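For reference, the structure discussed in these notes is given below.
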Amino acid sequence: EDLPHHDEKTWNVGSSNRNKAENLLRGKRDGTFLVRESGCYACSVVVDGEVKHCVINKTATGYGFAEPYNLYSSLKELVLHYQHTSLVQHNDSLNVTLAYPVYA
């Protein structure tokens with residue numbers, strides 16, 4: 001019953017790239033997502049039938065999608081927040097939550 005997001009291996013694919021992310025998310029439902037590393041981090045998430053990508057900033061104050069909200073202490077804390085809060089506030093093309101970990 002607890003969210004699958006609590007196991008970071010269900011969504012953090014480690015060192016990867018945009019193409020690999022597209023192949024992993026192809027055919028997945030809206031809200032399926034992953035976090036990838038290498039520009040250190042990014043989020044790939046399915047929105048309205050398309051795979052979308054955005055940067056995850058790693059700053060002095062924490063992780064986030066945009067200032068003044070780069071304040072999450074870890075990637076897991078970031079993911080848990082955006083599991084219930086839409087990314088739409090940061091981008092009108094990203095009206096989605098991080099609902100389904102790619103490997104859950």
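Following the order of the structure tokens, chains are lettered A, B, ..., residues in each are numbered from 1, and ligands are numbered from 1.
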
### Task
Skip residue 20 (chain A) itself and residues of its chain fewer than 6 positions away, then list as a PyMOL selection string all residues within 12 Å of it, counting only C-alpha atoms.
chain A and resi 13-14+26+34-38+44+51+53

Given the selection you just returned, output its residues as a file containing N, CA and C atoms, formatted as an mmCIF file, in the first residue's frame.
```
data_model
loop_
_atom_site.group_PDB
_atom_site.id
_atom_site.type_symbol
_atom_site.label_atom_id
_atom_site.label_comp_id
_atom_site.auth_asym_id
_atom_site.auth_seq_id
_atom_site.Cartn_x
_atom_site.Cartn_y
_atom_site.Cartn_z
ATOM 1 N N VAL A 13 17.044 5.803 -12.719
ATOM 2 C CA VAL A 13 17.719 4.909 -13.650
ATOM 3 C C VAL A 13 19.222 5.133 -13.718
ATOM 4 N N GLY A 14 19.751 5.987 -12.866
ATOM 5 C CA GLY A 14 21.157 6.294 -12.784
ATOM 6 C C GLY A 14 21.639 7.026 -14.030
ATOM 7 N N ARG A 26 8.402 4.565 -23.603
ATOM 8 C CA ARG A 26 7.518 4.408 -24.757
ATOM 9 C C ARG A 26 6.370 3.471 -24.424
ATOM 10 N N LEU A 34 10.766 8.833 -14.651
ATOM 11 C CA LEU A 34 12.060 8.378 -14.161
ATOM 12 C C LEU A 34 12.917 9.612 -13.882
ATOM 13 N N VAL A 35 13.973 9.406 -13.126
ATOM 14 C CA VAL A 35 14.991 10.403 -12.867
ATOM 15 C C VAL A 35 16.287 9.829 -13.447
ATOM 16 N N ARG A 36 17.002 10.647 -14.211
ATOM 17 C CA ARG A 36 18.246 10.209 -14.823
ATOM 18 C C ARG A 36 19.386 11.173 -14.523
ATOM 19 N N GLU A 37 20.592 10.602 -14.558
ATOM 20 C CA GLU A 37 21.818 11.328 -14.275
ATOM 21 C C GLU A 37 22.737 11.255 -15.488
ATOM 22 N N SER A 38 23.887 11.913 -15.405
ATOM 23 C CA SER A 38 24.873 11.817 -16.488
ATOM 24 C C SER A 38 26.243 11.589 -15.865
ATOM 25 N N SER A 44 12.251 12.568 -16.757
ATOM 26 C CA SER A 44 11.523 12.234 -17.988
ATOM 27 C C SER A 44 10.163 11.699 -17.535
ATOM 28 N N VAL A 51 6.511 11.703 -24.330
ATOM 29 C CA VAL A 51 7.559 11.745 -23.319
ATOM 30 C C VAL A 51 8.158 13.148 -23.292
ATOM 31 N N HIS A 53 10.705 15.990 -21.045
ATOM 32 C CA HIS A 53 11.946 15.991 -20.283
ATOM 33 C C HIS A 53 12.213 17.349 -19.651
#
```

### Query
Near residue 84 (chain A), counting only C-alpha atoms, which residues have an atom at most 10 Å away, once you skip same-chain residues fewer than 2 positions from it, shown as a ChimeraX atom specification?
/A:79-82,86-87,96-99

### Task
Name the residues in contact with residue 45 (chain A) at a cut-off of 6 Å, using only C-alpha atoms, excluding same-chain residues fewer than 5 positions from it; report them as a PyMOL selection string.
chain A and resi 32-33+51-52

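For the choices A:2, A:94, A:70, A:48, the atom-to-atom distance to residue 30 (chain A) is smallest for A:48 when using only C-alpha atoms.
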
### Message
Considering only C-alpha atoms, can you say which of A:101, A:68, A:27, A:39 comes closest to residue 5 (chain A)?
### Response
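For residue 5 (chain A), the nearest of the candidates is A:101.
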
### Query
Suppose you want the space between CA of residue 69 (chain A) and CA of residue 93 (chain A); what is it in Å?
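Between CA of residue 69 (chain A) and CA of residue 93 (chain A) the gap is 18.4 Å.
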
### Message
Calculated over only C-alpha atoms, which of the candidates A:10, A:89, A:16, A:23 has the smallest distance to residue 67 (chain A)?
### Response
A:89

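Assigned to alpha helix (DSSP H) in chain A, given DSSP computed from backbone atoms, are residues 18, 19, 20, 21, 22, 23, 24, 25, 75, 76, 77, 78, 79, 80, 81, 82, 83 and 84 of chain A.
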